[PDB]
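Enquirer: structure11.json (JSON, C-alpha atoms) pasted underneath:
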[["chain", "number", "residue", "atom", "x", "y", "z"],
["S", 3, "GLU", "CA", 87.08, 14.89, -4.53],
["S", 4, "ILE", "CA", 83.53, 16.07, -5.28],
["S", 5, "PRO", "CA", 81.17, 13.35, -6.58],
["S", 6, "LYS", "CA", 80.39, 13.81, -10.25],
["S", 7, "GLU", "CA", 76.69, 13.57, -9.36],
["S", 8, "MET", "CA", 77.07, 16.61, -7.10],
["S", 9, "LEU", "CA", 78.92, 18.66, -9.72],
["S", 10, "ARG", "CA", 76.27, 17.76, -12.29],
["S", 11, "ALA", "CA", 73.47, 18.78, -9.93],
["S", 12, "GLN", "CA", 75.11, 22.14, -9.34],
["S", 13, "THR", "CA", 75.68, 22.75, -13.04],
["S", 14, "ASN", "CA", 72.06, 21.87, -13.81],
["S", 15, "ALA", "CA", 70.81, 24.32, -11.14],
["S", 16, "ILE", "CA", 73.02, 27.16, -12.38],
["S", 17, "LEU", "CA", 72.00, 26.66, -16.03],
["S", 18, "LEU", "CA", 68.29, 26.57, -15.19],
["S", 19, "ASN", "CA", 68.76, 29.77, -13.21],
["S", 20, "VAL", "CA", 70.49, 31.47, -16.14],
["S", 21, "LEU", "CA", 67.55, 30.59, -18.40],
["S", 22, "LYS", "CA", 65.18, 31.91, -15.73],
["S", 23, "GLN", "CA", 66.85, 35.28, -16.19],
["S", 24, "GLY", "CA", 66.03, 35.03, -19.91],
["S", 25, "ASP", "CA", 66.36, 32.98, -23.07],
["S", 26, "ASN", "CA", 70.02, 32.55, -24.02],
["S", 27, "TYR", "CA", 72.50, 30.73, -26.24],
["S", 28, "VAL", "CA", 75.40, 28.50, -25.28],
["S", 29, "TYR", "CA", 78.26, 31.00, -25.58],
["S", 30, "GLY", "CA", 76.18, 33.67, -23.88],
["S", 31, "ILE", "CA", 75.45, 31.35, -20.95],
["S", 32, "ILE", "CA", 79.11, 30.45, -20.62],
["S", 33, "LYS", "CA", 79.99, 34.13, -20.47],
["S", 34, "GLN", "CA", 77.33, 34.88, -17.86],
["S", 35, "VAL", "CA", 78.41, 31.99, -15.63],
["S", 36, "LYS", "CA", 82.08, 32.92, -15.94],
["S", 37, "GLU", "CA", 81.23, 36.45, -14.80],
["S", 38, "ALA", "CA", 78.88, 35.41, -11.98],
["S", 39, "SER", "CA", 81.53, 33.01, -10.66],
["S", 40, "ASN", "CA", 84.30, 35.67, -10.82],
["S", 41, "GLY", "CA", 86.22, 33.57, -13.33],
["S", 42, "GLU", "CA", 85.93, 30.47, -11.18],
["S", 43, "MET", "CA", 83.51, 28.44, -13.35],
["S", 44, "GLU", "CA", 84.29, 28.25, -17.08],
["S", 45, "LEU", "CA", 81.73, 25.83, -18.46],
["S", 46, "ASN", "CA", 82.51, 23.87, -21.59],
["S", 47, "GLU", "CA", 80.29, 24.04, -24.64],
["S", 48, "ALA", "CA", 80.00, 20.26, -24.86],
["S", 49, "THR", "CA", 78.91, 20.06, -21.22],
["S", 50, "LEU", "CA", 76.04, 22.41, -21.96],
["S", 51, "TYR", "CA", 75.00, 20.43, -25.04],
["S", 52, "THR", "CA", 74.81, 17.24, -22.96],
["S", 53, "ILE", "CA", 72.73, 18.94, -20.26],
["S", 54, "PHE", "CA", 70.41, 20.75, -22.67],
["S", 55, "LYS", "CA", 69.75, 17.56, -24.58],
["S", 56, "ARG", "CA", 68.42, 16.01, -21.40],
["S", 57, "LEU", "CA", 66.43, 19.07, -20.36],
["S", 58, "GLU", "CA", 64.89, 19.37, -23.80],
["S", 59, "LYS", "CA", 63.97, 15.67, -23.84],
["S", 60, "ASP", "CA", 62.32, 16.16, -20.45],
["S", 61, "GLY", "CA", 60.34, 19.19, -21.66],
["S", 62, "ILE", "CA", 62.00, 21.57, -19.19],
["S", 63, "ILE", "CA", 63.51, 23.75, -21.93],
["S", 64, "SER", "CA", 63.05, 24.14, -25.65],
["S", 65, "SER", "CA", 65.15, 25.61, -28.42],
["S", 66, "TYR", "CA", 64.69, 27.90, -31.36],
["S", 67, "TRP", "CA", 66.78, 29.72, -33.95],
["S", 68, "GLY", "CA", 67.73, 33.38, -33.75],
["S", 69, "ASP", "CA", 68.01, 35.80, -36.66],
["S", 75, "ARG", "CA", 72.80, 30.11, -37.30],
["S", 76, "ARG", "CA", 72.38, 30.44, -33.54],
["S", 77, "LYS", "CA", 70.40, 28.26, -31.16],
["S", 78, "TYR", "CA", 68.53, 29.89, -28.31],
["S", 79, "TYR", "CA", 67.12, 28.07, -25.28],
["S", 80, "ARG", "CA", 64.12, 28.93, -23.14],
["S", 81, "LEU", "CA", 62.47, 27.53, -20.06],
["S", 82, "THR", "CA", 59.12, 26.02, -20.98],
["S", 83, "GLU", "CA", 55.93, 26.80, -19.11],
["S", 84, "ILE", "CA", 56.45, 23.68, -17.06],
["S", 85, "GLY", "CA", 60.18, 24.36, -16.85],
["S", 86, "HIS", "CA", 59.36, 27.50, -14.87],
["S", 87, "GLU", "CA", 57.54, 25.32, -12.35],
["S", 88, "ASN", "CA", 60.51, 22.93, -12.15],
["S", 89, "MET", "CA", 62.74, 25.96, -11.67],
["S", 90, "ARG", "CA", 60.58, 27.13, -8.77],
["S", 91, "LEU", "CA", 60.66, 23.75, -7.04],
["S", 92, "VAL", "CA", 64.41, 23.44, -7.68],
["S", 93, "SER", "CA", 65.03, 26.93, -6.31],
["S", 94, "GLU", "CA", 62.99, 26.17, -3.19],
["S", 95, "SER", "CA", 64.88, 22.95, -2.51],
["S", 96, "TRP", "CA", 68.26, 24.66, -2.84],
["S", 97, "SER", "CA", 67.25, 27.55, -0.60],
["S", 98, "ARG", "CA", 66.05, 24.93, 1.88],
["S", 99, "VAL", "CA", 69.46, 23.23, 1.81],
["S", 100, "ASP", "CA", 71.17, 26.54, 2.52],
["S", 101, "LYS", "CA", 68.93, 27.20, 5.53],
["S", 102, "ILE", "CA", 69.58, 23.69, 6.90],
["S", 103, "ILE", "CA", 73.35, 24.14, 6.58],
["S", 104, "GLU", "CA", 73.25, 27.45, 8.39],
["S", 105, "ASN", "CA", 71.27, 25.97, 11.29],
["S", 106, "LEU", "CA", 73.71, 23.04, 11.55],
["S", 107, "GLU", "CA", 76.68, 25.41, 12.02],
["B", 3, "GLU", "CA", 59.65, 17.81, -10.38],
["B", 4, "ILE", "CA", 63.18, 17.85, -8.95],
["B", 5, "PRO", "CA", 65.61, 15.39, -10.57],
["B", 6, "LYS", "CA", 66.42, 12.50, -8.26],
["B", 7, "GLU", "CA", 70.11, 13.22, -8.88],
["B", 8, "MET", "CA", 69.65, 16.71, -7.46],
["B", 9, "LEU", "CA", 67.79, 15.50, -4.37],
["B", 10, "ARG", "CA", 70.49, 12.89, -3.78],
["B", 11, "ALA", "CA", 73.23, 15.50, -4.10],
["B", 12, "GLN", "CA", 71.52, 17.70, -1.55],
["B", 13, "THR", "CA", 70.98, 14.85, 0.88],
["B", 14, "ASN", "CA", 74.63, 13.81, 0.57],
["B", 15, "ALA", "CA", 75.79, 17.39, 1.30],
["B", 16, "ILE", "CA", 73.54, 17.76, 4.34],
["B", 17, "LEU", "CA", 74.61, 14.39, 5.82],
["B", 18, "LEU", "CA", 78.31, 15.14, 5.35],
["B", 19, "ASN", "CA", 77.75, 18.49, 7.06],
["B", 20, "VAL", "CA", 76.02, 16.82, 10.00],
["B", 21, "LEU", "CA", 79.01, 14.50, 10.46],
["B", 22, "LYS", "CA", 81.31, 17.52, 10.23],
["B", 23, "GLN", "CA", 79.59, 18.84, 13.33],
["B", 24, "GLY", "CA", 80.45, 15.54, 15.05],
["B", 25, "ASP", "CA", 80.20, 11.77, 14.95],
["B", 26, "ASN", "CA", 76.56, 10.66, 15.03],
["B", 27, "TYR", "CA", 74.15, 7.77, 14.59],
["B", 28, "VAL", "CA", 71.29, 7.37, 12.15],
["B", 29, "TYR", "CA", 68.38, 8.36, 14.41],
["B", 30, "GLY", "CA", 70.38, 11.23, 15.83],
["B", 31, "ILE", "CA", 71.13, 12.55, 12.34],
["B", 32, "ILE", "CA", 67.48, 12.29, 11.36],
["B", 33, "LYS", "CA", 66.52, 14.31, 14.42],
["B", 34, "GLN", "CA", 69.14, 16.99, 13.73],
["B", 35, "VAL", "CA", 68.09, 17.37, 10.10],
["B", 36, "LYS", "CA", 64.40, 17.51, 11.00],
["B", 37, "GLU", "CA", 65.17, 20.33, 13.44],
["B", 38, "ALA", "CA", 67.51, 22.26, 11.12],
["B", 39, "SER", "CA", 64.90, 22.08, 8.35],
["B", 40, "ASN", "CA", 62.07, 23.27, 10.68],
["B", 41, "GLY", "CA", 60.22, 19.99, 10.17],
["B", 42, "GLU", "CA", 60.55, 20.23, 6.40],
["B", 43, "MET", "CA", 63.04, 17.37, 5.82],
["B", 44, "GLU", "CA", 62.30, 14.07, 7.58],
["B", 45, "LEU", "CA", 64.93, 11.69, 6.26],
["B", 46, "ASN", "CA", 64.23, 7.98, 6.19],
["B", 47, "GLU", "CA", 66.48, 5.51, 7.95],
["B", 48, "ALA", "CA", 66.85, 3.37, 4.84],
["B", 49, "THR", "CA", 67.91, 6.39, 2.80],
["B", 50, "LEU", "CA", 70.73, 7.04, 5.22],
["B", 51, "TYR", "CA", 71.84, 3.40, 5.14],
["B", 52, "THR", "CA", 72.08, 3.54, 1.33],
["B", 53, "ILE", "CA", 74.09, 6.76, 1.41],
["B", 54, "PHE", "CA", 76.40, 5.69, 4.23],
["B", 55, "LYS", "CA", 77.15, 2.42, 2.51],
["B", 56, "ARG", "CA", 78.47, 4.36, -0.46],
["B", 57, "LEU", "CA", 80.39, 6.87, 1.64],
["B", 58, "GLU", "CA", 81.97, 4.12, 3.70],
["B", 59, "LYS", "CA", 82.96, 2.19, 0.57],
["B", 60, "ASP", "CA", 84.56, 5.37, -0.75],
["B", 61, "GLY", "CA", 86.49, 5.95, 2.49],
["B", 62, "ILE", "CA", 84.76, 9.26, 3.23],
["B", 63, "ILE", "CA", 83.23, 8.02, 6.49],
["B", 64, "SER", "CA", 83.73, 5.05, 8.76],
["B", 65, "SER", "CA", 81.62, 3.41, 11.43],
["B", 66, "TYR", "CA", 82.07, 2.09, 14.92],
["B", 67, "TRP", "CA", 79.97, 0.78, 17.79],
["B", 68, "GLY", "CA", 78.95, 2.82, 20.81],
["B", 69, "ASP", "CA", 78.65, 1.58, 24.38],
["B", 75, "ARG", "CA", 73.99, -2.02, 19.80],
["B", 76, "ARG", "CA", 74.36, 1.38, 18.14],
["B", 77, "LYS", "CA", 76.36, 2.32, 15.05],
["B", 78, "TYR", "CA", 78.15, 5.65, 14.99],
["B", 79, "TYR", "CA", 79.57, 7.32, 11.88],
["B", 80, "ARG", "CA", 82.53, 9.66, 11.54],
["B", 81, "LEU", "CA", 84.17, 11.60, 8.76],
["B", 82, "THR", "CA", 87.56, 10.09, 7.99],
["B", 83, "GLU", "CA", 90.71, 12.16, 7.73],
["B", 84, "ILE", "CA", 90.24, 12.29, 3.98],
["B", 85, "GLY", "CA", 86.48, 12.75, 4.41],
["B", 86, "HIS", "CA", 87.22, 16.09, 6.08],
["B", 87, "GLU", "CA", 89.05, 17.14, 2.93],
["B", 88, "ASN", "CA", 86.13, 16.02, 0.76],
["B", 89, "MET", "CA", 83.83, 17.95, 3.06],
["B", 90, "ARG", "CA", 85.93, 21.08, 2.59],
["B", 91, "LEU", "CA", 85.90, 20.81, -1.20],
["B", 92, "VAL", "CA", 82.17, 20.02, -1.17],
["B", 93, "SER", "CA", 81.47, 22.99, 1.08],
["B", 94, "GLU", "CA", 83.48, 25.31, -1.16],
["B", 95, "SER", "CA", 81.65, 24.18, -4.29],
["B", 96, "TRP", "CA", 78.24, 24.71, -2.69],
["B", 97, "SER", "CA", 79.17, 28.14, -1.37],
["B", 98, "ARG", "CA", 80.39, 28.93, -4.88],
["B", 99, "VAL", "CA", 77.02, 27.91, -6.34],
["B", 100, "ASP", "CA", 75.23, 30.20, -3.90],
["B", 101, "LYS", "CA", 77.42, 33.17, -4.87],
["B", 102, "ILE", "CA", 76.83, 32.50, -8.59],
["B", 103, "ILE", "CA", 73.06, 32.39, -8.08],
["B", 104, "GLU", "CA", 73.06, 35.66, -6.19],
["B", 105, "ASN", "CA", 75.04, 37.41, -8.93],
["B", 106, "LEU", "CA", 72.66, 36.06, -11.60],
["B", 107, "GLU", "CA", 69.64, 37.63, -9.86]]
Translate the structure described by the file into structure tokens.
Expert:
Amino acid sequence: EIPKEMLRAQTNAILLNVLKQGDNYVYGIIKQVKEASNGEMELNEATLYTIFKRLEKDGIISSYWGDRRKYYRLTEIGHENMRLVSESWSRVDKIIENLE
Amino acid sequence: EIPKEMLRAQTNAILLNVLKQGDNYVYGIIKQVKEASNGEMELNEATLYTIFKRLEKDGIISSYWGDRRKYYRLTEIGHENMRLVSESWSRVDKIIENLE
């Protein structure tokens, strides 16, 4: 079985990437990840609220109300964290390909 | 900055993949990961001993002496864990590509 730490890391990376594509709300993110995973990954609302609480506390994202619906955005510094995260994950992929 | 949980997850995945290529010893693994990362990732010996302690405790790998040098191997069940881990990481990559 996959370590829970690993699953959490993957979920974090995917959610940050969704918000990089644009500000979004929980149900909208779930829909986008379900589609992008071809049905494979159906995230739970409560899982996102846990993760976003941490990311908001850390200043990586912030929230705001729409026209009552909560939208999330990467912060200015969150965009930097996203860039470093993206680079590290691309680096992993390149390492794995060389090892095979 | 990258969450330590994320870095740990990536390191775990890379090390399991190295052992999938064959049984190996700490310095040998460090060398292989340095090469496969084009110099970018120089793992520390003590980092590997921490990780392998956990993986051995969990029954994912085991150790044995060479002809004194410690070699590590994926266990029978470790190979299953490797397969599930590999699938989840490939799945992440496909999700990220669809999101972009």
Enquirer: Residues at most 12 Å from residue 99 (chain S), counting all atoms listed in the file, excluding those fewer than 5 positions away in the same chain, as a ChimeraX atom specification?
Expert: /S:92-94,104-106 /B:8-17,19,35-36,38-40,42-43,96-97,100
Enquirer: In terms of the shortest atom-to-atom distance over all atoms listed in the file, which of S:47, S:69, S:107, S:60 is closest to chain B?
Expert: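 So, comparing all the options, the nearest one is S:107.
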Enquirer: Go ahead and compute the interatomic distance for CA of residue 82 (chain S) and CA of residue 63 (chain S), in Å to one decimal.
Expert: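 It comes out at 5.0 Å.
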Enquirer: Measuring atom to atom with only C-alpha atoms, identify which of S:58, S:95, S:102, S:49 is nearest to chain B.
Expert: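 Of all the options, S:102 lies closest to chain B.
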Enquirer: So the first atom is CA of residue 81 (chain S) and the second is CA of residue 32 (chain S); what is the distance between them in Å, to one decimal place?
Expert: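 About the pair CA of residue 81 (chain S) and CA of residue 32 (chain S): they are 16.9 Å apart.
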Enquirer: Between CA of residue 62 (chain B) and CA of residue 44 (chain B), measure the distance and give it in Å to one decimal.
Expert: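 For CA of residue 62 (chain B) relative to CA of residue 44 (chain B), the distance reads 23.4 Å.
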Enquirer: From the set B:23, B:65, B:46, B:52, which residue has the shortest atom-to-atom contact distance to chain S, counting only C-alpha atoms?
Expert: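 The closest residue to chain S is B:23.
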Enquirer: Rank nothing, just name the residue among S:29, S:48, S:78, S:57 nearest to chain B, using all atoms listed in the file.
Expert: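 Under the stated criterion, the closest residue is S:57.
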Enquirer: Which residue, S:50, S:55, S:84, S:77, has the smallest gap to chain B when you use only C-alpha atoms?
Expert: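 Closest candidate: S:84.
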Enquirer: Because the input lacks atoms here, generate N, CA, C and O atoms for region 88-105 of chain S and report them as a short mmCIF file (atom, residue, chain, number, x, y, z; two decimals), in the frame of the given file.
Expert:
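The resulting file, selection_5.cif, is reproduced below:
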data_model
loop_
_atom_site.label_atom_id
_atom_site.label_comp_id
_atom_site.auth_asym_id
_atom_site.auth_seq_id
_atom_site.Cartn_x
_atom_site.Cartn_y
_atom_site.Cartn_z
N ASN S 88 59.34 23.69 -12.61
CA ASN S 88 60.51 22.93 -12.15
C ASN S 88 61.57 23.86 -11.58
O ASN S 88 62.22 23.55 -10.57
N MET S 89 61.77 25.01 -12.21
CA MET S 89 62.74 25.96 -11.67
C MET S 89 62.33 26.40 -10.28
O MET S 89 63.16 26.49 -9.37
N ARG S 90 61.03 26.67 -10.08
CA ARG S 90 60.58 27.13 -8.77
C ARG S 90 60.79 26.07 -7.70
O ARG S 90 61.24 26.37 -6.59
N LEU S 91 60.44 24.82 -8.01
CA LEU S 91 60.66 23.75 -7.04
C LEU S 91 62.15 23.54 -6.79
O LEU S 91 62.58 23.32 -5.64
N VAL S 92 62.96 23.58 -7.85
CA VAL S 92 64.41 23.44 -7.68
C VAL S 92 64.94 24.56 -6.79
O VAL S 92 65.71 24.32 -5.85
N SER S 93 64.57 25.80 -7.10
CA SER S 93 65.03 26.93 -6.31
C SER S 93 64.65 26.76 -4.84
O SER S 93 65.47 27.00 -3.95
N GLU S 94 63.41 26.34 -4.57
CA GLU S 94 62.99 26.17 -3.19
C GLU S 94 63.84 25.11 -2.49
O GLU S 94 64.20 25.27 -1.31
N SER S 95 64.11 24.00 -3.16
CA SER S 95 64.88 22.95 -2.51
C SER S 95 66.29 23.42 -2.19
O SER S 95 66.85 23.05 -1.15
N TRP S 96 66.89 24.21 -3.07
CA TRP S 96 68.26 24.66 -2.84
C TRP S 96 68.31 25.72 -1.74
O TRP S 96 69.22 25.74 -0.90
N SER S 97 67.33 26.62 -1.72
CA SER S 97 67.25 27.55 -0.60
C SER S 97 67.06 26.79 0.70
O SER S 97 67.61 27.18 1.74
N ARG S 98 66.26 25.73 0.68
CA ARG S 98 66.05 24.93 1.88
C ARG S 98 67.35 24.32 2.35
O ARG S 98 67.66 24.34 3.54
N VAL S 99 68.15 23.76 1.43
CA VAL S 99 69.46 23.23 1.81
C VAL S 99 70.27 24.30 2.52
O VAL S 99 70.84 24.08 3.59
N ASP S 100 70.36 25.48 1.92
CA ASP S 100 71.17 26.54 2.52
C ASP S 100 70.72 26.85 3.94
O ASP S 100 71.56 26.99 4.84
N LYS S 101 69.42 26.89 4.19
CA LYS S 101 68.93 27.20 5.53
C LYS S 101 69.30 26.09 6.50
O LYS S 101 69.67 26.37 7.65
N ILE S 102 69.19 24.84 6.07
CA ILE S 102 69.58 23.69 6.90
C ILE S 102 71.05 23.79 7.30
O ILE S 102 71.41 23.60 8.46
N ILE S 103 71.91 24.06 6.32
CA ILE S 103 73.35 24.14 6.58
C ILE S 103 73.64 25.25 7.58
O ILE S 103 74.42 25.06 8.52
N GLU S 104 72.98 26.39 7.44
CA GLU S 104 73.25 27.45 8.39
C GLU S 104 72.83 27.06 9.80
O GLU S 104 73.54 27.34 10.77
N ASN S 105 71.68 26.40 9.95
CA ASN S 105 71.27 25.97 11.29
C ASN S 105 72.25 24.96 11.88
O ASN S 105 72.53 25.00 13.09
#
